[PDB]
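Only one chain is shown below, in structure tokens, and it's the form deposited in one PDB entry.
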């Protein structure tokens, strides 16, 4: 359904991954990819493949949401290998046309939105690619508190997984992939510890909520997103520019999108070398 246009070399500061539809029009992965792929099937924008380390995400404040690599203190960011794990333990990404409005306090957690699309942890066997669009069955949700803010972690599976029919709610994950949900909480708890930050906290005693609860949350975030691109709520720095939303004042001609991408350095097929330190293991007393 979709394709990728990459500017500059992977793992440089200039690297940008833009999205294209079937006709070759540049689109925002944040705004132009429909939340649903089919009945009961959500789209997922894949940001980081399982077992990779580069911290890539949809650029919420840059025109045309590209996916790009996070930076702190001037350095390209890579997540730790938290022993016994290698990098990211699932395919990781966002559900498009979702937004955690920072104006909205969540009732269950008491905190406000983090201003980002809702995050998804995809648990299937296939290792997906950066920028790939897939369809997923939602299974459950985790409520992490990320520095005072509500940060939902949706648990899901690629609808095209050979075993996908066996997974319909969160209990199937406990049953068919034991230790997995436990590892997920552990990972999100400790992932910033090697950066000299404390562990993260969770609502609901770091328990997972089921499918229906997850889908309720996702629906709300989609309604908040509706308000965003339709200009009935303060955008708050977010770039709403899009290429397909008829009902949006922020819609733009495909050639204006083209002008943005072309100002950027050309596609460089050869990735930069990932620093050697990234391969290090971070152990801890358990």
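Only residues modelled in both forms are compared. Definition used throughout: the rigid core is the maximal C-alpha set that superposes within 1.5 Å between two forms. Residue numbers count along the first chain shown, from 1.
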The stretch whose C-alpha atoms carry the larger average B-factor in the entry, 46 to 54 or 24 to 32, is 24 to 32
180 to 188 versus 96 to 104 - which carries the larger mean C-alpha B factor in the record
96 to 104
When the CA B-factors of 109, 81, 91, 158 are compared as recorded in the entry, which is the largest?
109
From 148, 87, 124, 140, the top C-alpha temperature factor is at 148
Is residue 198 in the lowest, middle or highest third of its chain when residues are ranked by C-alpha B-factor?
highest
Just say lowest, middle or highest third for the CA B-factor of residue 119 relative to the other modelled residues in its chain.
lowest
Would the CA B-factor of residue 136 place it in the lowest, middle or highest third of its chain?
lowest
Ranked C-alpha temperature factor of residue 251 among modelled chain residues, by third
middle
Which third of the chain does residue 238 land in by C-alpha B-factor: lowest, middle or highest?
highest
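Separately, the form deposited in another entry exists; it is not shown, and the next lines address it.
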Which single residue of 216, 182, 160, 195, after superposing the core, moves its CA by 2 Å or more between the shown form and the other one?
195
For residue 172, is the CA shift between the shown form and the other one at least 2 Å following rigid-core superposition?
no
Displaced residue check between the shown form and the other one: residue 149, CA, 2 Å or over, core reference:
yes
With the core lined up, does the C-alpha of residue 85 move 2 Å or more between the shown form and the other one?
no
Closer or farther: how do the Cα atoms of residue 201 and residue 67 compare in that other deposited form relative to this form, given a change of at least 3 Å?
farther
Once you account for a change of 3 Å or more, let me know if residue 68 and residue 195 sit closer or farther in that other deposited form, using their C-alpha atoms.
farther
Please list the stretches that shift between the shown form and the other one, defined as three or more consecutive residues with CA displacements of 2 Å or more after core superposition.
144 to 150, 192 to 205
